[PDB]
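First, one chain by itself in structure tokens, the form deposited in one PDB entry.
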């Protein structure tokens, strides 16, 4: 069908403040608890890519409906950081841009870390930096 695919090397260069600030076992305990308490949501850490010149998100554990699509989540985040619909926004999970049609639950199952969080970096540019 000759659709566009934004490819990239899988990599883990992004330092998430949530990870820097909490030891793995604390994160894992919390992630496990959250998954049990809110079984129709997935826990997501969302942080701006280092060189991105756009607004920052509040430091929260974002509990996202599992059936929300990635495309919908883009709009949710645009609203939080006061980006227009016409403004570029890209998500990276281990340096790779996820498909907009995936649900957040699918994305979570594919990519959550061993602490039971999903980690998403965001940028205004399509290549992480």
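Take the two forms, superpose them, and find the largest set of C-alpha atoms that agree within 1.5 Å; that set is the rigid core. Shifts are known only where both forms have a C-alpha. Numbering follows the first chain given and starts at 1.
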| property | result |
| --- | --- |
| Higher-B stretch (mean Cα B-factor, as the entry records it), 91 to 99 or 63 to 71 | 91 to 99 |
| Of 51 to 59 and 72 to 80, the one with larger mean CA B-factor | 51 to 59 |
| Largest Cα B-factor, entry values, listed residues 10, 120, 17, 107 | 10 |
| Third of the chain, ranked by Cα B-factor, where residue 34 sits | middle |
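There is another form of the same protein, the form solved in complex with a partner chain; it is not shown, and what comes next is about it.
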{"query": "Proximity of residue 80 to its partner chain in the entry with it bound, heavy atoms at 4.5 Å", "finding": "yes"}
{"query": "4.5 Å heavy atom contact, residue 48 to its partner chain in the entry with it bound", "finding": "no"}
{"query": "Residue 55 within 4.5 Å of its partner chain in the entry with it bound, heavy atoms", "finding": "no"}
{"query": "Three-residue site 19, 113 and 121 fully in contact with its partner chain in the entry with it bound at 4.5 Å by heavy atom", "finding": "no"}
{"query": "Stretches between the shown form and the other one where the CA atoms of at least 3 consecutive shared residues shift 2 Å or more, core fixed", "finding": "58 to 60, 84 to 87"}
